[PDB]
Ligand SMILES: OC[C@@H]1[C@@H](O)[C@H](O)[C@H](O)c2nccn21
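Given as structure tokens, the chain that follows is alone and in the form solved without the ligand.
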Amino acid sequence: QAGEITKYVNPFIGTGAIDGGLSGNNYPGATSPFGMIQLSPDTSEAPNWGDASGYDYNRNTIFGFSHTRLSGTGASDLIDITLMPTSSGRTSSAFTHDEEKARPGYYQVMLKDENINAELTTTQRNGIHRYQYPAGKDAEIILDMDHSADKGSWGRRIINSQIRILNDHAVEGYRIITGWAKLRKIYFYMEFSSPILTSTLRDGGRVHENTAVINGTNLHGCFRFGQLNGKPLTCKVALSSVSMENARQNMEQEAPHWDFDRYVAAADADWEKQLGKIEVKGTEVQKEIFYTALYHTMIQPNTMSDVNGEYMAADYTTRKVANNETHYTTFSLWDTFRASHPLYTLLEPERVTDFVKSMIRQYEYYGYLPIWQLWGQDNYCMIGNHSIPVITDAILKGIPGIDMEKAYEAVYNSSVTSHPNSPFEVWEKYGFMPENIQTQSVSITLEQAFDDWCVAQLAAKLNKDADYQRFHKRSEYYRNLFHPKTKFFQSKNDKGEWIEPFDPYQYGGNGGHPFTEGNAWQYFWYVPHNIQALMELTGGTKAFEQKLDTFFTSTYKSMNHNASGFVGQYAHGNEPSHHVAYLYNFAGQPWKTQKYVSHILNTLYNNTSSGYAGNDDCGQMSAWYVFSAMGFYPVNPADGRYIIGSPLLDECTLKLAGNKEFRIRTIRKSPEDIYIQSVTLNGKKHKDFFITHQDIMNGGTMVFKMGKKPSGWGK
């Protein structure tokens, strides 16, 4: 049954916002799993934070089809190498959603101004286009090398670029550009299925007719093919971070032929194998939401090395991975360490080895592990050193092919070598970040303490007992900001005094406040490695339960743009809250976890363009759905335990390595049955409120008996 699973993915979920609500910043264009190429229309001349992927569902004009982007980020970048079909040298066109389709590996739209049909597909490193022009009209392609994310942010400018016509069917070039990533070099090689008859190249006002090459900072091409009289024009475009030669080789290996439908079909088969890793059973809407979410987790991290292994490293030099390896980038770690990376350990252990290796390369050539990585380099966005949980998690779980001593070097040195937002001599001297020395101090203290717990766990695994003590002590530094009267984590200055005045509802931004894109209410819960300690500090399990109740019911509104989708003070759009609904289990009240998780799944996710309660954040919003719908969530994303919530779907099957399955099953009378009555794992009654990574990866079956009313299970 071809398209059995892929037919459920709706790439328009998360591409817009309804009224003035919240968008995922997802894109509907074609891509391949963990690919280099995201071939998609831009509905803006210059993508910005409100439409960072390049597309907005509320818009009606397409300004070209570019080949790279981020999914669900709060800042725009990439947007490289932009083609537009036309008959009269035009650069934009109207379109309607009524004449537009999208599915895994495929996008189509009718461009209405000149009645030209556009279809897109991809391979791992190539974009394939097919354009159908009216019979009797001239066929032309415009290449725009200036089109990019907004040039008024990040000091973004094109340093240099080239367009070069090699023969009548081939064009190469490149651009070097600054932005959110400090410096990116994007090389291309392009071919046409019909010969170029005439052409024009320009750089701003400087125009050159039928000229084989141009160099500059504001380049544009127009290639004219004449009357095609019903033959569609097929275009192929390969990219590289290193060279035009590599891009050409990427095309020779992955995309040598000219059969468009064959490319489309392979892309669909590829997505069917990927999405097939979790087979689910539920309503038609739930399958659409679930498979679309699973898709969003699998469109990055992005392939960066070429088919010959070469890539631009973090010291801006050209290097090569081994034959069986792939260098990846796009690591939105402040979001993705929480759920996306745990999800990859279940579904993509072979890729996780390459992700870890890619992170370690930043250490090897830049001096510390990635904080937030984009086009092979760090941009320091957000806080923490959250490569560390990801590398730790992979090693403790036994993901194969990782050099452990080298990984520990990287992790250790990243934790003792001070760098922006990590003053480690301040850290160990005070036992916290003082707000007057390091801003975002309370968020950093909580998140960094968690990173240190991870280092400790890795030290213990390698019998490095002195290191263990050092990092274990550091992991307990959250205590130094716990205020004993108010029972919030609050900021202190270097004299050890509590900053006055303090309001736990007050949102901070990305500096000038002790919290990062949230308030003290939301950050209170961030001790994922020692919830028992946190419970004790709050005044015991009963006290901790009541504080959670206040958190989930208190509707006061002070503000920050990123935090949205509210259940009291709980904002599902920002990921400090994401683990919190699972904390009622720890308090002795699992039914409350089941209640709130079910509320969020049913109420804050949907199958319209709005889709999500905030930016998808490289699929972290989606990974939350994937996990929670299956019925468990990695509260501590480095301890290899998944905390039970409430399974949404009737059944899920995880297709694992190799010949193995983890089968999740439900006994229910209706969808109102959201409370767990009991759980069985491999025939034995299951008394804990978690399952382990080993429980899943061994293969087996887990059965949930559900009911309409709270049971008493784990109570």
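The numbering used is simple: start at 1 and walk along the sequence shown.
Keep in mind that the form solved in complex with the ligand is missing from the display, and what follows is about it.
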Margin query: Looking at 128-136, 377-385, 144-152, 538-546, which stretch has residues with any non-hydrogen atom within 4.5 Å of the ligand in the bound PDB entry?
Written below: 377-385
Next item on the list: Please pick, from 372, 524, 478, 471, the one residue with any non-hydrogen atom lying within 4.5 angstroms of the ligand in the bound PDB entry.
Entry: 372
Next item on the list: May I ask you to choose, among 422, 332, 362, 93, the residue with a heavy atom within 4.5 Å of the ligand in the bound PDB entry?
Entry: 332
Next item on the list: Determine whether any heavy atom of residue 74 comes within 4.5 Å of a heavy atom of the ligand in the bound PDB entry, and answer yes or no.
Entry: yes
Notebook entry, point to check: in the bound PDB entry, does residue 180 have a heavy atom within 4.5 Å of the ligand?
Noted result: yes
Next item on the list: Mark residue 414 yes when one of its heavy atoms lies within 4.5 Å of a heavy atom of the ligand in the bound PDB entry, and no otherwise.
Entry: no
Checklist line | Partner proximity in the bound PDB entry: residue 562 to the ligand, non-hydrogen atom cutoff 4.5 Å | finding: yes
